[PDB]
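*Asks:* Take this structure, written in structure tokens, and hold onto it; I'll ask about it next.
Protein chains: 6
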Amino acid sequence: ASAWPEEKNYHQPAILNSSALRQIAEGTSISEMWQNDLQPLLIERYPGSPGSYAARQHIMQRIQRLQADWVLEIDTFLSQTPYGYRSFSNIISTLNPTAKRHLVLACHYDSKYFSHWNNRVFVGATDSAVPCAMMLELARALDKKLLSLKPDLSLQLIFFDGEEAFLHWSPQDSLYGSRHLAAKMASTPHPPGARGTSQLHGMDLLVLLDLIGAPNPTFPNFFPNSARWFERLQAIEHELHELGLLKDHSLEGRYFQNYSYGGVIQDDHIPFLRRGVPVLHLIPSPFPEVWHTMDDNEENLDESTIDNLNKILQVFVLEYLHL
Amino acid sequence: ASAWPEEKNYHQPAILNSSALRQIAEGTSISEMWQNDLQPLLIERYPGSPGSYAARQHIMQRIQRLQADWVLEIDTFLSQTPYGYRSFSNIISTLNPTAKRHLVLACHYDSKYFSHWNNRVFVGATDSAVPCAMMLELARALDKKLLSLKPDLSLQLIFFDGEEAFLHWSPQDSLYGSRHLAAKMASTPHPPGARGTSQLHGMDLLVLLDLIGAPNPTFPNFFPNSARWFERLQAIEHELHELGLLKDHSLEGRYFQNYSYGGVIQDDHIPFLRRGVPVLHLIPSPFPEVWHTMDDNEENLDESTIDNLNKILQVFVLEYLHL
Amino acid sequence: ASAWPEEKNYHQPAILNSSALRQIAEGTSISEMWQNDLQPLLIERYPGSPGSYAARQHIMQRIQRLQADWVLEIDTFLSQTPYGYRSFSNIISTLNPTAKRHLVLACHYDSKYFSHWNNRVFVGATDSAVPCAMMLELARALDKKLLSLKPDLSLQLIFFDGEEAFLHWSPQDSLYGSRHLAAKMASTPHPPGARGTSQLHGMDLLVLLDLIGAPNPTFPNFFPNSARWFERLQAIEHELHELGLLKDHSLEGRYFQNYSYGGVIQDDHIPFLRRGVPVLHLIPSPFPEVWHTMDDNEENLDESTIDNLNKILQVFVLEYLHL
Amino acid sequence: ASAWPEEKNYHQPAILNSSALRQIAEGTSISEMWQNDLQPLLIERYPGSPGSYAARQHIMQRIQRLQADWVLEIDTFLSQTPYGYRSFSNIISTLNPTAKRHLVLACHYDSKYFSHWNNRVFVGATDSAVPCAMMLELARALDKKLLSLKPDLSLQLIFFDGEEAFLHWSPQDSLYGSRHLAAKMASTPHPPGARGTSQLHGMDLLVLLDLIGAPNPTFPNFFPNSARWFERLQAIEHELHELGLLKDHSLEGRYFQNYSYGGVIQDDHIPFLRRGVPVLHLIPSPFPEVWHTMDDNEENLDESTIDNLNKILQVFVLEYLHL
Amino acid sequence: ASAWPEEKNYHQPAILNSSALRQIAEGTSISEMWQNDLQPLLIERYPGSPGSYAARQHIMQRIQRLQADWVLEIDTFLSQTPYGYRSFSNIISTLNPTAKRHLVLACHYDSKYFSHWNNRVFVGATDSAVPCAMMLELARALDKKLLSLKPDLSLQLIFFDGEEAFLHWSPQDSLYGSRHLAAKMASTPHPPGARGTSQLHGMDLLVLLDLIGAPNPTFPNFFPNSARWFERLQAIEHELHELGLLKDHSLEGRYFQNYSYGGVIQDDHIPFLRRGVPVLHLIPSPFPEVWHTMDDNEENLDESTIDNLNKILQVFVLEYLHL
Amino acid sequence: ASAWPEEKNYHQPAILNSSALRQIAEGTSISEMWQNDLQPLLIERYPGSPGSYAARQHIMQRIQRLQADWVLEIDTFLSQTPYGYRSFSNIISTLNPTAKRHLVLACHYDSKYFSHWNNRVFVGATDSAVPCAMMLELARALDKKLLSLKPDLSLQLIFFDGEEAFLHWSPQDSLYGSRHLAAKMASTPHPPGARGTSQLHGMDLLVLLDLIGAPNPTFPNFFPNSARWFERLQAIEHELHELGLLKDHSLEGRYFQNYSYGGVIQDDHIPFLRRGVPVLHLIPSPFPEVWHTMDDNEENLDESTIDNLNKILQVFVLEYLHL
Ligand SMILES: O=S(=O)(Cc1ccccc1)Nc1ccc2nc[nH]c2c1
Ligand SMILES: O=S(=O)(Cc1ccccc1)Nc1ccc2nc[nH]c2c1
Ligand SMILES: O=S(=O)(Cc1ccccc1)Nc1ccc2nc[nH]c2c1
Ligand SMILES: O=S(=O)(Cc1ccccc1)Nc1ccc2nc[nH]c2c1
Ligand SMILES: O=S(=O)(Cc1ccccc1)Nc1ccc2nc[nH]c2c1
Ligand SMILES: [Zn+2]
Ligand SMILES: [Zn+2]
Ligand SMILES: [Zn+2]
Ligand SMILES: [Zn+2]
Ligand SMILES: [Zn+2]
Ligand SMILES: [Zn+2]
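Protein chains in written order, with the entry's author numbering: chain G, 33 to 182, 189 to 361; chain L, 33 to 182, 189 to 361; chain K, 33 to 182, 189 to 361; chain D, 33 to 182, 189 to 361; chain A, 33 to 182, 189 to 361; chain C, 33 to 182, 189 to 361.
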């Protein structure tokens with residue numbers, strides 16, 4: 033079958049000048065995210081709960097209200113769990129469904145199931161509601177350049199349901215949404231009418247955000263096949279510093295360090311990885327000090343870190359997509 | 033209900049009187065089937081071939097033109113074969129997609145891949161071009177009563199792609215279409231919005247027709263869980279003989295002869311049966327004398343047996359559906 | 033390289049004469065069974081229910097009132113199901129637990145979980161309340177002969199929990215207690231202190247009673263490796279018939295006619311067969327006409343068919359042990 | 033062009049006249065097989081035993097003394113068992129190795145592991161010393177016709199090691215030589231230098247003799263894709279009886295009653311069957327009375343049944359190969 | 033609720049002052065341990081051997097003399113190996129067996145099977161005779177406080199058999215006792231009478247000691263969900279040293295160096311990890327220099343290193359359990 | 033089963049004195065390797081191409097022209113791929129084929145399948161043409177010592199076919215040759231006549247060379263059970279620097295630094311690892327900058343870096359082999 037699944041190994045970015053970096057900082061507003069994107073997600077939203085549904089509708093509405101021509105799919109499936117059968121729904125948002133190639137941004141939108149311990153509620157502020165909102169604030173900041181789309191390439195956003203275990207982390211109790219999605223795409227022909235290629239082959243790179251929002255994260259190099267693109271993240275971070283385009287930020291503790299981790303952490307990327315999709319995994323090591331506590335809330339977030347990461351990220355999408 | 037997947041076990045048919053049987057004998061014509069439903073499907077149509085596309089467009093068009101509100105689904109997927117990657121397309125036809133339960137009729141519409149041996153072209157007339165044409169005819173002859181649907191139970195037809203092996207019969211080279219749809223159905227919630235039940239649960243019974251069109255066929259009783267529904271066929275056959283609505287037919291050359299065998303044959307029922315679906319398997323034993331030869335063609339069919347079979351089956355479906 | 037797990041292949045019976053065939057027929061009370069062993073078990077007793085614990089107490093108490101030295105064990109375990117984790121309990125009854133070899137009688141004591149269709153309650157009278165009671169009637173009727181055991191050979195009874203599916207028959211929704219117990223016997227040293235042999239290797243023959251109680255049952259002959267013990271049953275039947283020790287019985291309608299089936303019927307035997315245990319499987323084909331309906335009750339049972347099989351089976355066992 | 037694995041679907045015999053049949057008939061010697069081929073095999077020969085090396089040597093020595101250009105090969109491998117790691121050797125003997133297609137005849141040559149019960153030694157006369165002898169007498173009796181082989191087709195012979203279990207029949211304790219050899223042939227290119235076909239595709243048909251030599255055998259017809267070759271066997275037995283070329287033989291106790299089956303019997307054909315090879319399985323139902331007893335010895339063989347079957351089979355083979 | 037398995041996620045220690053830390057230090061003797069707990073283990077004890085029954089008897093006796101209320105269970109099973117079927121026996125010693133939650137400490141008590149290279153005998157002093165004596169020394173020194181137990191939480195000890203490969207490390211040749219025991223616990227309702235939780239859910243934290251006793255060991259921090267418990271270890275090691283309670287101890291060569299390691303090391307925790315149990319894995323990297331040689335003996339042990347570790351570990355256990 | 037598989041764990045090196053360590057430096061020619069061994073291999077040689085047959089023939093011809101007497105075998109096999117069934121051929125070179133034990137050197141010889149991007153052809157200079165030529169220079173630069181073999191230890195070379203994925207990396211699409219050859223060795227008794235041991239038991243240490251040729255490579259230490267042999271590399275390296283036998287080499291730019299990675303990195307060692315062969319894996323992290331681009335050519339290799347590696351690797355082998 034034709035060889036376009038080769039193209040990703042050759043793709044190169046389109047680097048921005050100093051005047052165009054400045055524009056991007058001005059383009060992005062954390063407090064608008066904080067109020068209109070982030071806060072309506074800080075709620076109990078484990079799979080099947082009335083919060084899951086509220087959260088899915090809020091995410092849909094914030095996207096529909098943009099100009100860029102986004103196509104939305106709800107992917108609804110039944111799976112077995114320790115508490116029996118349950119239904120889940122991944123949310124998928126695509127620009128130019130027909131293009132063979134897509135850069136993919138992903139996170140998970142469910143929150144881990146718990147009882148109401150010490151009369152509190154778990155709402156996973158780093159895990160992973162901030163990541164969702166940064167995705168929502170990216171589509172809005174760049175809705176202008178993203179509309180200039182009506189190398190055959192576009193953009194895609196995935197919001198997984200069921201990342202967390204219900205009872206005890208095992209292969210059969212975790213990653214419900216990503217295991218189903220990776221298989222579905224492996225067996226769907228792409229582009230439409232193709233005879234020998236699939237939607238997976240169409241994934242250019244998968245950028246997974248997990249556990250973002252705490253102060254002083256450090257993100258390692260996990261994989262040697264995406265090393266060259268993690269390196270671009272460094273150089274983007276370092277240049278926006280010397281232009282003092284970031285806040286409360288220092289070059290002595292940079293977010294993207296130069297030390298490969300070696301092993302891997304279990305997460306939504308795994309069913310994609312083992313079928314040959316390239317992955318850039320933006321999960322910090324160590325895990326926030328609040329990980330899986332009633333104190334992963336709005337109060338412990340750190341407004342400045344998030345605002346820096348929104349900026350670097352927004353540039354990487356823009357240079358990858360030659361926009 | 034929670035609940036309702038229980039009902040198929042207690043369903044009981046609405047047996048028809050002598051006046052009505054006569055009505056339906058008169059209501060179907062085998063000569064119409066032959067010219068407009070069968071002969072267009074006597075063609076080379078192995079997966080991915082031009083005739084596969086043409087077999088599909090015909091089957092669609094014959095249905096698109098009836099009264100009853102049939103909903104057509106095209107299930108197009110990518111699998112691996114001994115020759116590499118290939119695309120298949122199953123055809124599904126449904127009255128009242130929302131009903132919890134559907135009685136299901138099915139066959140395979142691919143022909144088997146062969147070189148052109150002796151300058152002849154294999155076209156599978158019993159295997160399975162007739163079967164498609166009997167299902168096509170049936171929906172035409174009862175379009176009348178089937179439209180009355182506008189015991190929460192309606193009717194579905196399935197036309198599989200890729201039942202035959204490409205090179206050598208094995209678990210990875212066979213039943214490409216049935217193995218896809220079973221998995222898709224078992225992981226889809228039914229009825230829309232359900233939490234603990236699936237489309238697979240909604241399959242009241244599966245009647246798979248295969249290898250049909252030769253004279254003096256004999257079909258054994260394959261499974262002890264659908265046994266009673268096969269006794270029905272025996273008694274529908276024995277009441278059209280005595281009424282004189284069958285042709286060139288005797289009660290010593292009967293088609294359904296309470297026998298056993300008593301083991302199992304591999305076919306499109308296998309991936310449904312191993313997840314708990316009840317099966318009525320309408321495949322003869324022995325196979326037709328012409329099985330898999332260049333002489334399994336139009337000339338070797340028997341007009342009479344196919345007309346008889348049509349009559350019995352059109353009965354069964356009306357008595358099953360209480361119409 | 034030991035040794036004894038082969039003794040079971042050379043084993044021969046020690047046949048009874050006419051006067052012992054008459055004594056055996058007069059020592060068993062079809063009336064005593066029906067009231068003291070069977071009727072207490074015709075209730076709703078699906079896994080986890082109040083009825084399950086009541087059936088376990090009835091079975092244990094009836095066995096304890098006997099003089100023979102029966103040793104009883106409760107094998108309680110945890111398993112996943114379509115509705116979640118749940119607890120199950122098999123019942124094991126063994127004479128001479130230390131012996132190397134044991135003949136095994138077995139059936140399942142649960143009832144299938146149904147809703148109350150037409151304000152009725154499923155109780156599974158042939159499925160399998162009667163085989164439970166036949167097992168209790170054999171232990172009573174022969175109590176005098178069996179307390180003589182104090189070849190290294192003896193007798194065991196097993197009553198499985200969780201034989202039926204909870205929702206839809208699959209490999210993961212069926213045969214809960216037999217899949218569990220087989221894995222546990224395969225991994226247990228037998229006899230005590232042994233270095234290279236297991237309890238599973240000590241099962242001489244597994245005689246599984248299922249779906250018994252209706253009149254005119256035809257029991258097929260399933261496996262080549264256990265054929266000669268089926269042939270014992272035929273001759274036993276025939277020579278009791280021909281001393282007038284049977285009732286409402288004709289040689290023209292025997293229970294054990296020879297008739298090879300060839301394939302399998304899913305059941306509690308499957309996890310032991312798969313490991314090389316020889317199986318004598320007493321399940322008729324076709325299934326009782328009342329199978330998985332609310333008329334599987336006391337009023338459709340056949341007193342005399344049952345009484346006849348209690349006699350055949352007691353003769354079989356006494357020959358198997360030389361008693 | 034390759035492609036050529038379909039040519040076994042279209043192959044047809046060359047039937048021999050009444051004069052060629054008296055020719056074959058007078059051509060075999062049942063006492064010279066008995067003397068020189070069978071008797072040296074009636075010894076203990078479980079795998080790794082000295083009888084195993086002695087048996088392997090007599091088989092090869094007897095083949096090597098014929099004129100036909102027989103190529104001998106020894107397939108020695110290691111494998112894990114209930115008593116630990118052990119070494120086995122299959123014997124493969126082939127005419128025209130370069131030919132794309134071969135008709136295959138086979139049995140197993142090991143005898144089952146037992147201890148000396150009652151001071152006797154198990155030799156498996158029917159199981160399977162006689163089939164071994166039949167294969168050798170066939171290759172001598174037809175030596176001058178096969179020497180003519182110099189349709190691209192010829193003849194292969196196979197003797198398997200490690201068929202029987204050591205301790206308890208299971209997927210890992212049984213069929214050691216056949217499970218090895220099937221996976222080897224499926225991963226060897228054939229013919230030499232071929233790019234997309236394998237030695238397994240060149241097996242035209244697998245003819246597996248097992249448990250033969252007892253009087254009055256009844257052989258089923260197990261598979262639909264070889265039923266036309268069961269037929270030919272049925273017809274060869276009929277013609278030979280009507281020319282009075284059989285002995286002590288009755289058309290009422292004919293070996294090939296057409297009644298069928300049913301399901302399956304595990305044997306050396308299963309690793310090949312499961313991958314698409316057609317099989318004519320000449321195991322009888324039921325098994326001899328002496329099956330797996332110390333009485334499966336020379337005395338209980340029936341000379342006349344074997345002689346008759348020798349003749350039938352050599353006529354089957356000559357007609358398969360057009361000689 | 034039925035939700036208690038979430039409790040261990042919220043558990044916090046009760047941190048001891050400096051005069052309680054001084055009592056702990058004074059409360060443990062390395063020479064009593066050396067003479068009465070360690071030395072009798074420095075023998076040959078691979079599975080099945082006389083030294084294995086002797087180490088079992090010594091472990092049980094030394095616990096049976098303490099005042100605390102330990103319940104001892106011997107878990108004995110069969111398994112297949114490169115040499116055939118063999119019997120194994122784990123050792124489980126439990127306080128308050130009815131309590132829902134248990135902090136678990138563990139090592140393997142077998143020794144690796146070797147020939148006597150150079151007329152010397154392999155006794156695995158670090159591998160793992162020392163870890164066993166550390167566990168016995170801790171039960172003795174904390175005996176009076178462990179007596180308080182009579189937060190539903192107590193203490194359990196596990197000695198695994200069959201950790202080493204007999205022949206070549208493979209999924210089937212290694213971790214014989216721990217794979218058996220994790221599967222057993224996973225299917226055992228806990229607490230007694232429970233309906234949807236297991237003994238495996240009861241394990242609060244699995245602290246696994248292995249390859250201990252050589253000088254200057256570096257333990258990494260392998261897992262993100264047990265990392266807050268690794269930090270407790272470092273804090274304990276820092277305080278004891280600045281109070282002057284360590285020996286021959288440098289804060290430039292502290293045992294717990296917050297350096298992380300992504301590559302898993304296979305060991306007895308793996309069957310628990312993959313079912314969701316949190317692990318604090320105390321194995322050093324690199325392995326000791328003497329690893330799997332005849333020089334892993336008593337003279338190459340370092341007295342001071344082991345005495346420091348006893349003290350760090352008993353402080354852990356008291357702060358975990360609030361004594 | 034004998035004990036000799038233990039011998040590898042005790043084996044120790046026989047180190048060289050400053051003066052033999054110059055004889056090595058001086059007996060290897062980077063310029064002869066570059067022209068006579070490398071350049072012939074810098075062509076398109078993906079599996080089945082004309083370039084693959086020619087690279088077999090180069091490799092063999094170079095080895096056949098040397099005094100030591102190497103035994104060559106060509107291991108051909110058939111496997112399924114994303115484009116269909118294909119033929120592949122490993123190259124295996126052994127001294128003393130019958131010795132119990134062998135040290136093993138290896139790489140892959142196939143070149144990744146790519147379309148001709150920008151009119152350029154992928155030839156994989158580091159991936160892995162240079163590892164091939166390195167293995168060719170070593171046998172030549174040492175031909176004279178290795179002829180003293182005619189401690190049951192010798193040397194083996196292995197050049198795999200089919201390492202790269204044809205389309206997308208996955209367990210079914212990568213490592214065709216290694217997966218195939220580890221299974222064949224595990225099922226081959228070694229030495230000849232052996233009853234309990236395999237060819238795979240004989241592999242002392244597997245040293246896999248991959249992705250070599252770039253400047254300034256950093257090779258990590260992957261596995262605790264092969265660490266002692268990496269320390270030998272690190273030490274060999276440092277004394278060659280001190281003696282001045284190294285070019286363009288510093289100590290801050292050490293090839294073998296103290297660096298512990300997580301592990302894997304999929305490659306040809308995986309299928310051996312899962313069966314317990316110990317592995318020395320000489321692949322760097324990060325991968326070279328040119329990896330899987332058209333600039334992985336002759337111009338971007340570094341002569342010094344490769345010359346220095348030839349010197350280390352050659353010492354290591356003579357020290358390992360006591361030559
Ligand atoms: O800790 S994990 O490796 C899962 C695991 C695997 C094995 C044993 C115990 C736990 N990964 C993980 C867990 C929770 C998360 N929440 C957000 N991202 C998460 C990622
Ligand atoms: O028919 S079965 O093969 C179950 C089955 C198999 C395949 C598909 C769907 C259902 N065996 C069965 C069913 C009910 C029973 N009650 C007592 N013994 C029973 C045995
Ligand atoms: O009976 S079998 O199906 C194997 C089996 C299957 C399941 C359980 C126990 C045994 N076939 C078999 C057994 C022994 C033979 N000896 C010569 N040919 C033989 C064929
Ligand atoms: O990157 S790898 O871990 C394989 C992989 C795994 C998952 C996804 C994509 C690719 N190993 C690898 C790749 C290329 C090589 N070329 C020479 N040796 C190589 C080894
Ligand atoms: O080295 S391991 O990772 C196992 C292994 C994995 C792959 C190949 C060969 C061996 N773990 C191991 C080995 C020996 C031990 N002795 C005590 N604990 C031990 C742990
Ligand atoms: Zn989380
Ligand atoms: Zn067909
Ligand atoms: Zn039932
Ligand atoms: Zn046998
Ligand atoms: Zn060890
Ligand atoms: Zn590569």
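Backbone N, C-alpha and C fix where the C-beta goes; we use that ideal spot for every residue, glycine too.
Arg312(D) by DSSP, collapsed to three states: which one?
*Replies:* Within the fourth sequence, numbered from 1, the residue matching residue 312(D) stands at position 274. Coil at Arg312(D), not helix or strand.
*Asks:* Of the residues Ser61(G), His90(G), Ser63(G), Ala57(G), which one's Cα is nearest the Cα of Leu73(G)?
*Replies:* Translated into the one-based positions of the first sequence, residue 73(G) becomes position 41. For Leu73(G), the nearest C-alpha among the options comes from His90(G).
*Asks:* Between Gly83(L) and chain G, is any beta-carbon pair separated by less than 8 angstroms?
*Replies:* Against the second sequence, residue 83(L) aligns to sequence position 51. It does not; no Cβ of chain G falls within 8 angstroms.
*Asks:* Could you tell me whether the stretch 313 to 333 of chain C touches the stretch 239 to 257 of chain C, where touching means 3 or more Cβ pairs closer than 8 angstroms?
*Replies:* The count of Cβ pairs closer than 8 angstroms, one atom from the stretch 313 to 333 of chain C and one from the stretch 239 to 257 of chain C, reaches three, so the stretches are in contact.
*Asks:* What do you get for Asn348(L), buried or exposed, if any count of 16 or more other CB atoms within 10 angstroms of its CB means buried?
*Replies:* As a working mapping, residue 348(L) is identified with position 310 in the second sequence. Buried, by the Cβ-count rule.
*Asks:* With distances taken from each beta carbon to the nearest heavy atom of ligand 6, which residues come in below 6 angstroms, in chain order?
*Replies:* Listed by chain position, these are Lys144(G), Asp159(G), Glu202(G), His330(G).
*Asks:* Taking the alpha carbon of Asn150(A) as the point to measure from, which residue in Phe198(C), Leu191(C), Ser121(C), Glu39(C) has its own alpha carbon closest?
*Replies:* Numbered from its first residue, the fifth sequence carries residue 150(A) at position 118. Among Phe198(C), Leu191(C), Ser121(C), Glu39(C), the Cα nearest to that of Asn150(A) is on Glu39(C).
*Asks:* Tell me whether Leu249(C), by its Cβ, gets closer than 7 angstroms to a heavy atom of ligand 4.
*Replies:* The residue you call residue 249(C) lines up with position 211 of the sixth sequence. Checking every heavy atom of ligand 4 against the Cβ of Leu249(C), one is found closer than 7 angstroms.
*Asks:* Where do the N-terminal and C-terminal ends of the beta strand (DSSP E) with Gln99(C) fall, by residue?
*Replies:* Indexing the sixth sequence from 1 puts residue 99(C) at position 67. In the DSSP assignment, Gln99(C) falls outside any beta strand (DSSP E) and carries neither an H nor an E.
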